[PDB]
Amino acid sequence: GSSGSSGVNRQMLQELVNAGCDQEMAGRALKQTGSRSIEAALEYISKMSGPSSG
């Protein structure tokens, strides 16, 4: 945004979500990581738990 953009990239979300990620979840990670990359988020969520990935 302008005057100091404080918040993830609402755009990147629609992207990561497209794959099949929760809307309420995707955000959390996106912020935690810092709108680094679509993969970053998906990876962060798995980091915690998830014996199934790929």
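Over the Cα atoms of the chain, what Rg and Dmax result, in angstrom?
11.6, 42
Taking 25 Å as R0, compute the FRET efficiency from the Cβ-Cβ separation of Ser52 and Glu15 and round it to 0.05.
After rounding, the FRET efficiency stands at 0.70.
Every residue, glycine among them, receives a Cβ derived from its backbone with ideal geometry; neighbour counts consider all protein chains shown. Every number here is computed from the coordinates shown, using simple stated rules; none is lab data.
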